[PDB]
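*Asks:* Pasting run.pdb below, which is PDB, C-alpha atoms and all ligand atoms.
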MODEL        1
ATOM      1  CA  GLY A 201      50.233  99.044  99.127  1.00  0.00           C
ATOM      2  CA  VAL A 202      52.334  99.449 102.259  1.00  0.00           C
ATOM      3  CA  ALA A 203      54.350  96.360 101.345  1.00  0.00           C
ATOM      4  CA  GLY A 204      54.711  97.879  97.885  1.00  0.00           C
ATOM      5  CA  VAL A 205      56.290 101.102  99.134  1.00  0.00           C
ATOM      6  CA  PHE A 206      58.130  99.682 102.148  1.00  0.00           C
ATOM      7  CA  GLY A 207      59.399  96.875  99.940  1.00  0.00           C
ATOM      8  CA  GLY A 208      60.109  99.231  97.065  1.00  0.00           C
ATOM      9  CA  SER A 209      61.995 101.502  99.439  1.00  0.00           C
ATOM     10  CA  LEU A 210      63.879  98.464 100.752  1.00  0.00           C
ATOM     11  CA  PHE A 211      64.692  97.191  97.263  1.00  0.00           C
ATOM     12  CA  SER A 212      65.776 100.629  96.082  1.00  0.00           C
ATOM     13  CA  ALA A 213      68.134 100.929  99.045  1.00  0.00           C
ATOM     14  CA  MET A 214      69.467  97.394  98.616  1.00  0.00           C
ATOM     15  CA  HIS A 215      69.964  97.649  94.864  1.00  0.00           C
ATOM     16  CA  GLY A 216      71.548 101.075  95.204  1.00  0.00           C
ATOM     17  CA  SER A 217      73.826  99.981  98.036  1.00  0.00           C
ATOM     18  CA  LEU A 218      74.792  96.711  96.341  1.00  0.00           C
ATOM     19  CA  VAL A 219      75.723  98.407  93.062  1.00  0.00           C
ATOM     20  CA  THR A 220      77.583 101.171  94.897  1.00  0.00           C
ATOM     21  CA  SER A 221      79.437  98.577  96.981  1.00  0.00           C
ATOM     22  CA  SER A 222      80.637  96.851  93.791  1.00  0.00           C
ATOM     23  CA  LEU A 223      81.991  99.807  91.819  1.00  0.00           C
ATOM     24  CA  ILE A 224      85.103  98.850  89.883  1.00  0.00           C
ATOM     25  CA  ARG A 225      88.057 101.024  90.842  1.00  0.00           C
ATOM     26  CA  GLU A 226      88.533 103.600  88.093  1.00  0.00           C
ATOM     27  CA  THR A 227      89.272 106.830  90.001  1.00  0.00           C
ATOM     28  CA  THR A 228      91.349 108.191  92.861  1.00  0.00           C
ATOM     29  CA  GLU A 229      90.177 109.214  96.320  1.00  0.00           C
ATOM     30  CA  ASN A 230      90.266 112.951  95.548  1.00  0.00           C
ATOM     31  CA  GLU A 231      87.580 112.483  92.861  1.00  0.00           C
ATOM     32  CA  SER A 232      83.899 111.405  92.988  1.00  0.00           C
ATOM     33  CA  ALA A 233      83.406 107.669  92.242  1.00  0.00           C
ATOM     34  CA  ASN A 234      80.776 108.859  89.703  1.00  0.00           C
ATOM     35  CA  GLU A 235      83.711 110.128  87.566  1.00  0.00           C
ATOM     36  CA  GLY A 236      84.661 106.470  86.980  1.00  0.00           C
ATOM     37  CA  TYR A 237      81.625 106.110  84.718  1.00  0.00           C
ATOM     38  CA  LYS A 238      81.600 107.734  81.281  1.00  0.00           C
ATOM     39  CA  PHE A 239      78.221 108.263  79.645  1.00  0.00           C
ATOM     40  CA  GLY A 240      78.106 105.855  76.721  1.00  0.00           C
ATOM     41  CA  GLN A 241      80.402 103.198  78.200  1.00  0.00           C
ATOM     42  CA  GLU A 242      80.155  99.836  76.495  1.00  0.00           C
ATOM     43  CA  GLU A 243      81.559  98.004  79.546  1.00  0.00           C
ATOM     44  CA  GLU A 244      79.998  97.457  82.955  1.00  0.00           C
ATOM     45  CA  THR A 245      80.803  99.944  85.716  1.00  0.00           C
ATOM     46  CA  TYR A 246      80.303  97.512  88.609  1.00  0.00           C
ATOM     47  CA  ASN A 247      80.909  93.819  89.223  1.00  0.00           C
ATOM     48  CA  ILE A 248      77.586  91.979  89.341  1.00  0.00           C
TER      49      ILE A 248
ATOM     50  CA  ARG B  38     136.557  80.722 165.897  1.00  0.00           C
ATOM     51  CA  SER B  39     134.911  79.032 162.860  1.00  0.00           C
ATOM     52  CA  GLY B  40     131.322  78.261 163.981  1.00  0.00           C
ATOM     53  CA  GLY B  41     128.948  75.983 162.075  1.00  0.00           C
ATOM     54  CA  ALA B  42     127.315  75.353 165.451  1.00  0.00           C
ATOM     55  CA  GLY B  43     124.008  77.216 165.711  1.00  0.00           C
ATOM     56  CA  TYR B  44     123.499  77.825 162.005  1.00  0.00           C
ATOM     57  CA  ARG B  45     123.508  75.903 158.698  1.00  0.00           C
ATOM     58  CA  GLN B  46     126.167  77.530 156.450  1.00  0.00           C
ATOM     59  CA  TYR B  47     124.559  76.272 153.191  1.00  0.00           C
ATOM     60  CA  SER B  48     126.172  77.589 149.961  1.00  0.00           C
ATOM     61  CA  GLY B  49     123.958  79.172 147.256  1.00  0.00           C
ATOM     62  CA  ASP B  50     122.640  82.414 145.688  1.00  0.00           C
ATOM     63  CA  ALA B  51     120.056  84.001 148.044  1.00  0.00           C
ATOM     64  CA  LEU B  52     116.898  84.153 145.908  1.00  0.00           C
ATOM     65  CA  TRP B  53     113.277  85.001 146.662  1.00  0.00           C
ATOM     66  CA  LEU B  54     112.444  81.270 146.706  1.00  0.00           C
ATOM     67  CA  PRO B  55     114.394  78.510 148.483  1.00  0.00           C
ATOM     68  CA  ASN B  56     115.021  76.845 145.114  1.00  0.00           C
ATOM     69  CA  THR B  57     114.668  78.650 141.773  1.00  0.00           C
ATOM     70  CA  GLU B  58     116.815  80.137 139.019  1.00  0.00           C
ATOM     71  CA  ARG B  59     117.732  83.724 138.289  1.00  0.00           C
ATOM     72  CA  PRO B  60     116.059  85.097 135.153  1.00  0.00           C
ATOM     73  CA  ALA B  61     118.500  85.519 132.282  1.00  0.00           C
ATOM     74  CA  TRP B  62     118.099  89.302 132.396  1.00  0.00           C
ATOM     75  CA  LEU B  63     118.708  89.391 136.174  1.00  0.00           C
ATOM     76  CA  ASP B  64     122.419  88.641 136.412  1.00  0.00           C
ATOM     77  CA  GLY B  65     122.964  89.515 140.062  1.00  0.00           C
ATOM     78  CA  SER B  66     125.382  92.386 139.579  1.00  0.00           C
ATOM     79  CA  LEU B  67     122.922  95.038 140.728  1.00  0.00           C
ATOM     80  CA  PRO B  68     122.470  95.550 144.485  1.00  0.00           C
ATOM     81  CA  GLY B  69     119.452  93.708 145.817  1.00  0.00           C
ATOM     82  CA  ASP B  70     119.190  91.337 142.858  1.00  0.00           C
ATOM     83  CA  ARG B  71     117.205  88.419 144.283  1.00  0.00           C
ATOM     84  CA  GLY B  72     116.092  86.969 140.951  1.00  0.00           C
ATOM     85  CA  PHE B  73     112.588  88.338 141.525  1.00  0.00           C
ATOM     86  CA  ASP B  74     110.818  89.119 138.279  1.00  0.00           C
ATOM     87  CA  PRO B  75     107.964  86.626 137.780  1.00  0.00           C
ATOM     88  CA  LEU B  76     106.197  88.990 135.366  1.00  0.00           C
ATOM     89  CA  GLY B  77     109.401  89.619 133.404  1.00  0.00           C
ATOM     90  CA  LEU B  78     108.986  93.390 133.460  1.00  0.00           C
ATOM     91  CA  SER B  79     112.751  93.854 133.082  1.00  0.00           C
ATOM     92  CA  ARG B  80     113.023  91.231 130.349  1.00  0.00           C
ATOM     93  CA  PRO B  81     114.474  92.936 127.245  1.00  0.00           C
ATOM     94  CA  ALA B  82     111.355  93.815 125.272  1.00  0.00           C
ATOM     95  CA  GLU B  83     110.904  92.987 121.591  1.00  0.00           C
ATOM     96  CA  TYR B  84     108.823  95.243 119.348  1.00  0.00           C
ATOM     97  CA  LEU B  85     107.628  95.129 115.728  1.00  0.00           C
ATOM     98  CA  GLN B  86     107.682  98.243 113.480  1.00  0.00           C
ATOM     99  CA  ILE B  87     104.529  98.735 111.333  1.00  0.00           C
ATOM    100  CA  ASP B  88     104.924 100.927 108.195  1.00  0.00           C
ATOM    101  CA  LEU B  89     103.063 104.280 107.840  1.00  0.00           C
ATOM    102  CA  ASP B  90      99.483 103.707 106.639  1.00  0.00           C
ATOM    103  CA  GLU B  91      98.908 105.210 103.214  1.00  0.00           C
ATOM    104  CA  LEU B  92      96.684 108.273 103.638  1.00  0.00           C
ATOM    105  CA  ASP B  93      97.216 110.033 100.302  1.00  0.00           C
ATOM    106  CA  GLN B  94      93.893 110.950  98.719  1.00  0.00           C
ATOM    107  CA  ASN B  95      95.700 111.507  95.404  1.00  0.00           C
ATOM    108  CA  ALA B  96      96.206 107.732  95.118  1.00  0.00           C
TER     109      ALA B  96
HETATM  110  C1  LIG C   1      53.358 104.023 107.700  1.00  0.00           C
HETATM  111  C2  LIG C   1      51.913 103.847 107.316  1.00  0.00           C
HETATM  112  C3  LIG C   1      51.431 104.001 105.926  1.00  0.00           C
HETATM  113  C4  LIG C   1      52.053 103.741 104.735  1.00  0.00           C
HETATM  114  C5  LIG C   1      53.429 103.191 104.478  1.00  0.00           C
HETATM  115  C6  LIG C   1      51.091 104.081 103.724  1.00  0.00           C
HETATM  116  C7  LIG C   1      51.281 103.985 102.335  1.00  0.00           C
HETATM  117  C8  LIG C   1      50.406 104.322 101.294  1.00  0.00           C
HETATM  118  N1  LIG C   1      49.164 104.807 101.453  1.00  0.00           N
HETATM  119 MG1  LIG C   1      48.210 105.093 103.416  1.00  0.00          MG
HETATM  120  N2  LIG C   1      47.262 105.554 105.228  1.00  0.00           N
HETATM  121  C9  LIG C   1      47.832 105.380 106.403  1.00  0.00           C
HETATM  122  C10 LIG C   1      49.154 104.913 106.556  1.00  0.00           C
HETATM  123  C11 LIG C   1      50.108 104.515 105.628  1.00  0.00           C
HETATM  124  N3  LIG C   1      49.955 104.549 104.304  1.00  0.00           N
HETATM  125  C12 LIG C   1      46.937 105.720 107.520  1.00  0.00           C
HETATM  126  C13 LIG C   1      47.257 105.649 108.977  1.00  0.00           C
HETATM  127  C14 LIG C   1      45.784 106.125 106.928  1.00  0.00           C
HETATM  128  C15 LIG C   1      44.536 106.582 107.632  1.00  0.00           C
HETATM  129  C16 LIG C   1      44.712 108.010 108.086  1.00  0.00           C
HETATM  130  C17 LIG C   1      45.992 106.011 105.496  1.00  0.00           C
HETATM  131  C18 LIG C   1      45.064 106.301 104.502  1.00  0.00           C
HETATM  132  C19 LIG C   1      45.337 106.236 103.121  1.00  0.00           C
HETATM  133  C20 LIG C   1      44.430 106.615 102.055  1.00  0.00           C
HETATM  134  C21 LIG C   1      43.033 107.159 102.011  1.00  0.00           C
HETATM  135  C22 LIG C   1      45.167 106.351 100.908  1.00  0.00           C
HETATM  136  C23 LIG C   1      46.408 105.853 101.275  1.00  0.00           C
HETATM  137  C24 LIG C   1      47.194 105.586 100.169  1.00  0.00           C
HETATM  138  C25 LIG C   1      48.588 105.028 100.281  1.00  0.00           C
HETATM  139  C26 LIG C   1      49.492 104.698  99.146  1.00  0.00           C
HETATM  140  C27 LIG C   1      49.839 106.050  98.540  1.00  0.00           C
HETATM  141  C28 LIG C   1      51.142 106.045  97.771  1.00  0.00           C
HETATM  142  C29 LIG C   1      50.791 105.996  96.313  1.00  0.00           C
HETATM  143  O1  LIG C   1      50.189 105.036  95.876  1.00  0.00           O
HETATM  144  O2  LIG C   1      51.132 106.999  95.540  1.00  0.00           O
HETATM  145  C30 LIG C   1      50.494 107.084  94.238  1.00  0.00           C
HETATM  146  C31 LIG C   1      50.760 108.222  93.295  1.00  0.00           C
HETATM  147  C32 LIG C   1      49.824 109.165  93.189  1.00  0.00           C
HETATM  148  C33 LIG C   1      48.565 109.099  93.995  1.00  0.00           C
HETATM  149  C34 LIG C   1      49.965 110.353  92.280  1.00  0.00           C
HETATM  150  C35 LIG C   1      50.987 110.048  91.206  1.00  0.00           C
HETATM  151  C36 LIG C   1      51.432 111.342  90.556  1.00  0.00           C
HETATM  152  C37 LIG C   1      50.583 111.668  89.344  1.00  0.00           C
HETATM  153  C38 LIG C   1      50.348 110.433  88.493  1.00  0.00           C
HETATM  154  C39 LIG C   1      51.291 112.753  88.556  1.00  0.00           C
HETATM  155  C40 LIG C   1      51.531 113.959  89.447  1.00  0.00           C
HETATM  156  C41 LIG C   1      52.668 114.815  88.916  1.00  0.00           C
HETATM  157  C42 LIG C   1      52.773 116.111  89.698  1.00  0.00           C
HETATM  158  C43 LIG C   1      51.395 116.696  89.961  1.00  0.00           C
HETATM  159  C44 LIG C   1      53.601 117.106  88.908  1.00  0.00           C
HETATM  160  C45 LIG C   1      55.084 117.004  89.213  1.00  0.00           C
HETATM  161  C46 LIG C   1      55.854 117.800  88.172  1.00  0.00           C
HETATM  162  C47 LIG C   1      57.215 118.230  88.693  1.00  0.00           C
HETATM  163  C48 LIG C   1      57.069 119.148  89.899  1.00  0.00           C
HETATM  164  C49 LIG C   1      58.070 117.016  89.023  1.00  0.00           C
HETATM  165  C50 LIG C   1      50.736 104.165  99.849  1.00  0.00           C
HETATM  166  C51 LIG C   1      51.259 102.821  99.396  1.00  0.00           C
HETATM  167  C52 LIG C   1      46.426 105.993  98.936  1.00  0.00           C
HETATM  168  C53 LIG C   1      46.305 104.844  97.989  1.00  0.00           C
HETATM  169  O3  LIG C   1      46.083 103.721  98.396  1.00  0.00           O
HETATM  170  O4  LIG C   1      46.448 105.048  96.690  1.00  0.00           O
HETATM  171  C54 LIG C   1      45.244 105.009  95.938  1.00  0.00           C
HETATM  172  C55 LIG C   1      45.092 106.413  99.471  1.00  0.00           C
HETATM  173  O5  LIG C   1      44.285 107.081  98.856  1.00  0.00           O
HETATM  174  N4  LIG C   1      46.524 105.778 102.646  1.00  0.00           N
HETATM  175  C1  LIG C   2     106.738 106.948 146.505  1.00  0.00           C
HETATM  176  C2  LIG C   2     106.252 106.261 147.748  1.00  0.00           C
HETATM  177  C3  LIG C   2     105.836 107.037 148.900  1.00  0.00           C
HETATM  178  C4  LIG C   2     105.835 108.367 149.062  1.00  0.00           C
HETATM  179  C5  LIG C   2     104.931 108.974 150.038  1.00  0.00           C
HETATM  180  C6  LIG C   2     104.922 110.247 150.455  1.00  0.00           C
HETATM  181  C7  LIG C   2     105.924 111.223 149.911  1.00  0.00           C
HETATM  182  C8  LIG C   2     103.931 110.692 151.453  1.00  0.00           C
HETATM  183  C9  LIG C   2     103.789 111.987 151.720  1.00  0.00           C
HETATM  184  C10 LIG C   2     102.968 112.433 152.906  1.00  0.00           C
HETATM  185  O1  LIG C   2     102.926 111.411 153.945  1.00  0.00           O
HETATM  186  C11 LIG C   2     103.677 112.633 154.200  1.00  0.00           C
HETATM  187  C12 LIG C   2     105.183 112.404 154.226  1.00  0.00           C
HETATM  188  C13 LIG C   2     103.034 113.493 155.279  1.00  0.00           C
HETATM  189  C14 LIG C   2     101.521 113.447 155.154  1.00  0.00           C
HETATM  190  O2  LIG C   2     100.926 114.245 156.183  1.00  0.00           O
HETATM  191  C15 LIG C   2     101.139 114.002 153.790  1.00  0.00           C
HETATM  192  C16 LIG C   2     101.566 113.080 152.653  1.00  0.00           C
HETATM  193  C17 LIG C   2     101.626 113.899 151.372  1.00  0.00           C
HETATM  194  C18 LIG C   2     100.527 111.977 152.490  1.00  0.00           C
HETATM  195  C19 LIG C   2     106.202 104.913 147.799  1.00  0.00           C
HETATM  196  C20 LIG C   2     106.133 104.139 146.599  1.00  0.00           C
HETATM  197  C21 LIG C   2     105.567 102.913 146.588  1.00  0.00           C
HETATM  198  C22 LIG C   2     105.850 101.883 145.610  1.00  0.00           C
HETATM  199  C23 LIG C   2     105.558 100.568 145.701  1.00  0.00           C
HETATM  200  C24 LIG C   2     104.860 100.042 146.919  1.00  0.00           C
HETATM  201  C25 LIG C   2     105.924  99.646 144.610  1.00  0.00           C
HETATM  202  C26 LIG C   2     105.672  98.337 144.470  1.00  0.00           C
HETATM  203  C27 LIG C   2     106.227  97.592 143.344  1.00  0.00           C
HETATM  204  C28 LIG C   2     106.385  96.266 143.450  1.00  0.00           C
HETATM  205  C29 LIG C   2     105.990  95.570 144.718  1.00  0.00           C
HETATM  206  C30 LIG C   2     106.946  95.483 142.329  1.00  0.00           C
HETATM  207  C31 LIG C   2     107.436  94.258 142.378  1.00  0.00           C
HETATM  208  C32 LIG C   2     107.521  93.416 141.128  1.00  0.00           C
HETATM  209  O3  LIG C   2     108.013  94.158 140.005  1.00  0.00           O
HETATM  210  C33 LIG C   2     108.876  93.160 140.561  1.00  0.00           C
HETATM  211  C34 LIG C   2     110.061  93.727 141.333  1.00  0.00           C
HETATM  212  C35 LIG C   2     109.053  91.939 139.661  1.00  0.00           C
HETATM  213  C36 LIG C   2     107.777  91.713 138.870  1.00  0.00           C
HETATM  214  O4  LIG C   2     107.965  90.657 137.923  1.00  0.00           O
HETATM  215  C37 LIG C   2     106.699  91.340 139.872  1.00  0.00           C
HETATM  216  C38 LIG C   2     106.323  92.542 140.729  1.00  0.00           C
HETATM  217  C39 LIG C   2     105.615  92.066 141.988  1.00  0.00           C
HETATM  218  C40 LIG C   2     105.354  93.399 139.926  1.00  0.00           C
HETATM  219  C1  LIG C   3     121.973  94.735 174.522  1.00  0.00           C
HETATM  220  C2  LIG C   3     121.028  94.480 173.387  1.00  0.00           C
HETATM  221  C3  LIG C   3     121.124  93.412 172.738  1.00  0.00           C
HETATM  222  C4  LIG C   3     120.530  93.009 171.456  1.00  0.00           C
HETATM  223  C5  LIG C   3     120.530  91.892 171.076  1.00  0.00           C
HETATM  224  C6  LIG C   3     120.163  91.342 169.752  1.00  0.00           C
HETATM  225  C7  LIG C   3     119.783  92.256 168.632  1.00  0.00           C
HETATM  226  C8  LIG C   3     120.168  90.111 169.540  1.00  0.00           C
HETATM  227  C9  LIG C   3     119.763  89.451 168.296  1.00  0.00           C
HETATM  228  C10 LIG C   3     119.799  88.286 168.143  1.00  0.00           C
HETATM  229  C11 LIG C   3     119.479  87.621 166.880  1.00  0.00           C
HETATM  230  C12 LIG C   3     119.927  86.524 166.485  1.00  0.00           C
HETATM  231  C13 LIG C   3     120.739  85.686 167.418  1.00  0.00           C
HETATM  232  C14 LIG C   3     119.672  86.051 165.112  1.00  0.00           C
HETATM  233  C15 LIG C   3     120.208  85.196 164.506  1.00  0.00           C
HETATM  234  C16 LIG C   3     119.687  84.670 163.242  1.00  0.00           C
HETATM  235  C17 LIG C   3     120.261  83.914 162.426  1.00  0.00           C
HETATM  236  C18 LIG C   3     121.723  83.630 162.562  1.00  0.00           C
HETATM  237  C19 LIG C   3     119.494  83.283 161.340  1.00  0.00           C
HETATM  238  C20 LIG C   3     119.898  82.726 160.123  1.00  0.00           C
HETATM  239  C21 LIG C   3     120.235  82.196 159.042  1.00  0.00           C
HETATM  240  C22 LIG C   3     119.458  81.010 158.547  1.00  0.00           C
HETATM  241  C23 LIG C   3     118.972  80.205 159.743  1.00  0.00           C
HETATM  242  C24 LIG C   3     118.254  81.513 157.766  1.00  0.00           C
HETATM  243  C25 LIG C   3     120.359  80.178 157.646  1.00  0.00           C
HETATM  244  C26 LIG C   3     121.828  80.211 158.061  1.00  0.00           C
HETATM  245  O1  LIG C   3     121.967  79.685 159.383  1.00  0.00           O
HETATM  246  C27 LIG C   3     122.422  81.614 158.028  1.00  0.00           C
HETATM  247  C28 LIG C   3     121.398  82.717 158.241  1.00  0.00           C
HETATM  248  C29 LIG C   3     122.035  83.882 158.980  1.00  0.00           C
HETATM  249  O2  LIG C   3     120.941  83.185 156.970  1.00  0.00           O
HETATM  250  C30 LIG C   3     120.099  95.398 173.092  1.00  0.00           C
HETATM  251  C31 LIG C   3     120.047  96.505 173.825  1.00  0.00           C
HETATM  252  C32 LIG C   3     119.036  97.591 173.560  1.00  0.00           C
HETATM  253  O3  LIG C   3     117.805  97.118 173.015  1.00  0.00           O
HETATM  254  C33 LIG C   3     117.747  97.559 174.372  1.00  0.00           C
HETATM  255  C34 LIG C   3     117.542  96.413 175.350  1.00  0.00           C
HETATM  256  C35 LIG C   3     116.943  98.837 174.546  1.00  0.00           C
HETATM  257  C36 LIG C   3     117.215  99.811 173.419  1.00  0.00           C
HETATM  258  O4  LIG C   3     116.516 101.025 173.691  1.00  0.00           O
HETATM  259  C37 LIG C   3     118.703 100.100 173.374  1.00  0.00           C
HETATM  260  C38 LIG C   3     119.503  98.894 172.913  1.00  0.00           C
HETATM  261  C39 LIG C   3     120.970  99.115 173.243  1.00  0.00           C
HETATM  262  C40 LIG C   3     119.354  98.770 171.408  1.00  0.00           C
ENDMDL
END
Would you mind writing the structure in this file as structure tokens?
Ligand code: CLA
Ligand SMILES: CC(/C=C/C=C(C)/C=C/[C@@]12O[C@]1(C)C[C@@H](O)CC2(C)C)=C\C=C\C=C(C)\C=C\C=C(C)\C=C\[C@@]12O[C@]1(C)C[C@@H](O)CC2(C)C
Ligand SMILES: CC(=C/C=C/C(C)=C/C=C/C=C(C)/C=C/C=C(\C)C=C=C1C(C)(C)C[C@H](O)C[C@@]1(C)O)/C=C/[C@@]12O[C@]1(C)C[C@@H](O)CC2(C)C

*Replies:*
Amino acid sequence: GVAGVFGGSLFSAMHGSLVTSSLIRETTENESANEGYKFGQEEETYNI
Amino acid sequence: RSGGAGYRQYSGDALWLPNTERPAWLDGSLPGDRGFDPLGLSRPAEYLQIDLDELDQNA
């Protein structure tokens, strides 16, 4: 159980940080990076 | 009177070493120029200009 939650916490942080690190540039620096994603996009928002 | 008796009248440019060359930037015109600049502090310095980092958050 501890490995489940420590690992799950690790994997959540790694997956979240890896996807955030790979966001394709679609905005400026005066806007949130979240704005680069439009709900319903057919294309990928980060480079796997 | 002449002399050349108790001294050796050798001909040369008095430098900080018995044999060496004046640095190119030390001509010898200034008073006290003995060709002494091993660190080259008076060597004409060369600098590079870097452009202004872009810090516009609208870009
Ligand atoms: C750093 C040390 C450490 C770590 C990482 C853990 C980690 C864990 N412990 Mg442990 N423990 C520790 C030290 C530690 N323990 C020590 C020192 C002791 C002795 C004092 C214990 C004694 C202990 C006991 C007795 C138990 C644990 C249990 C657990 C697990 C509970 C988490 C879970 O399964 O949630 C599970 C999710 C739930 C239990 C509820 C889910 C939510 C329901 C389904 C719905 C609720 C919705 C809500 C009410 C409404 C919200 C609506 C809205 C407000 C959003 C977990 C993996 C428990 C376990 O193993 O699980 C059975 C267990 O009972 N530990
Ligand atoms: C300003 C200075 C002295 C000033 C001192 C003063 C006013 C003292 C004041 C007082 O004492 C009184 C009167 C009375 C006391 O009761 C009180 C105090 C207040 C204590 C000396 C500078 C002192 C400066 C010095 C010694 C500089 C040395 C620089 C050198 C040697 C550089 C040589 C070279 O640069 C060349 C030429 C060629 C390079 O390539 C190689 C190197 C070797 C680097
Ligand atoms: C009467 C008197 C005499 C002084 C004599 C001196 C200075 C002799 C120097 C004598 C010094 C001598 C001879 C030095 C000579 C050095 C030379 C030529 C050296 C050199 C070189 C070489 C070799 C590197 C290379 C080449 O050859 C040229 C040269 C030049 O580059 C002094 C009197 C008083 O001192 C009292 C006794 C009490 C005080 O209170 C009052 C007063 C009046 C000051």

*Asks:* Since I can't run it myself right now, could you work out what the PyMOL selection byres (((not hetatm)) within 10 of (chain C and resi 1)) selects here and report it as JSON, numbers by chain?

*Replies:* {"A": [201, 202, 203, 204, 205, 206, 207, 208]}

*Asks:* Include C-alpha atoms and write out the residues we just selected as an mmCIF file, keeping the file's coordinate frame.

*Replies:*
data_model
loop_
_atom_site.group_PDB
_atom_site.id
_atom_site.type_symbol
_atom_site.label_atom_id
_atom_site.label_comp_id
_atom_site.auth_asym_id
_atom_site.auth_seq_id
_atom_site.Cartn_x
_atom_site.Cartn_y
_atom_site.Cartn_z
ATOM 1 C CA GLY A 201 50.233 99.044 99.127
ATOM 2 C CA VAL A 202 52.334 99.449 102.259
ATOM 3 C CA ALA A 203 54.350 96.360 101.345
ATOM 4 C CA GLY A 204 54.711 97.879 97.885
ATOM 5 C CA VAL A 205 56.290 101.102 99.134
ATOM 6 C CA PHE A 206 58.130 99.682 102.148
ATOM 7 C CA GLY A 207 59.399 96.875 99.940
ATOM 8 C CA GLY A 208 60.109 99.231 97.065
#

*Asks:* Could you check which of A:210, A:229, A:215, A:221 is closest to chain B, using only C-alpha atoms?

*Replies:*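 Of all the options, A:229 lies closest to chain B.
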
*Asks:* Produce as a PyMOL selection string the set of residues near ligand LIG 2 (chain C), where near means within 10 Å with only C-alpha atoms and all ligand atoms considered.

*Replies:* chain B and resi 70-80

*Asks:* Using the chain letters and numbers from this file, what does the ChimeraX specification (/A :<10) & /B select? Give the answer as a PyMOL selection string.

*Replies:* chain B and resi 92-96

*Asks:* Could you turn the residues from that selection into a file that holds C-alpha atoms, as a PDB file, in the coordinates of the input?

*Replies:*
ATOM      1  CA  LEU B  92      96.684 108.273 103.638  1.00  0.00           C
ATOM      2  CA  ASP B  93      97.216 110.033 100.302  1.00  0.00           C
ATOM      3  CA  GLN B  94      93.893 110.950  98.719  1.00  0.00           C
ATOM      4  CA  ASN B  95      95.700 111.507  95.404  1.00  0.00           C
ATOM      5  CA  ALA B  96      96.206 107.732  95.118  1.00  0.00           C
TER       6      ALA B  96
END

*Asks:* Could you list, as a PyMOL selection string, every residue matched by the PyMOL selection byres (((not hetatm)) within 6 of (chain C and resi 3)) in this structure?

*Replies:* chain B and resi 44-46

*Asks:* Can I get the selection written as a PDB file, in the frame of the given file, with C-alpha atoms?

*Replies:*
ATOM      1  CA  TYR B  44     123.499  77.825 162.005  1.00  0.00           C
ATOM      2  CA  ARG B  45     123.508  75.903 158.698  1.00  0.00           C
ATOM      3  CA  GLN B  46     126.167  77.530 156.450  1.00  0.00           C
TER       4      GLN B  46
END

*Asks:* Report, as JSON, the axis-aligned box around all atoms of range 225-235 of chain A present in the file, extended by 6 Å on each side; give centre and edge lengths in Å to one decimal place.

*Replies:*
{"center_x": 86.1, "center_y": 107.0, "center_z": 91.9, "size_x": 22.6, "size_y": 23.9, "size_z": 20.8}
